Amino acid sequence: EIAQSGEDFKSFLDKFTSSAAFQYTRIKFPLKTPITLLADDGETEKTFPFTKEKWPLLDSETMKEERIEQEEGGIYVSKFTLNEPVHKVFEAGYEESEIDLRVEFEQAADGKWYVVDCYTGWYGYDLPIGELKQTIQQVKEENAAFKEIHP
């Protein structure tokens, strides 16, 4: 569960979520899994590299493990589904739905933690390819908000 050398994961994650500049330094772009969307033709899958300009900054609230029971009926669950000394995977989503976030963390040979892959519902398979550019701009605007409180 806990690494015997290098960076402590919980301490890393607190720094990662508290500073945008630091966060960007600890993501290995392009991520392992590219963004995959269906073309308008309705048959061809198109991939786009998951690069720095597309990254939605992750805050401390998002990275908390918890179970949210909503009055309107949903149960939203976030948890580390893999929790090994040098390899962790965080998943979040509504119970009985597909997940809307998966973040994969690995402690590299230098002892530092990095994000090496991510699935985010911002770029879900349900996103029309024609909306990708504007979605990326929306993420930029969210990131501007993040940077007002977590530079």
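When you see a residue number, it is the position in the sequence shown, counting from 1.
- Looking at 140-148 and 1-9 together, the entry lists the larger mean B-factor for 1-9, computed on C-alpha atoms.
- Checked against the record, the higher mean CA B factor of 62-70 and 36-44 lies with 36-44.
- Of all the options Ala92, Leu57, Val115, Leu82, the entry's greatest CA B-factor is assigned to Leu82.
- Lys52: CA B factor in the highest third of modelled residues in this chain (values from the PDB entry).
- For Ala20, the recorded CA temperature factor ranks within the lowest third of the chain's modelled residues.
- In the PDB entry, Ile99 places in the middle third of its chain by CA B-factor.
- Per the PDB record, residue ranking by Cα B-factor puts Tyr125 in the highest third of the chain.
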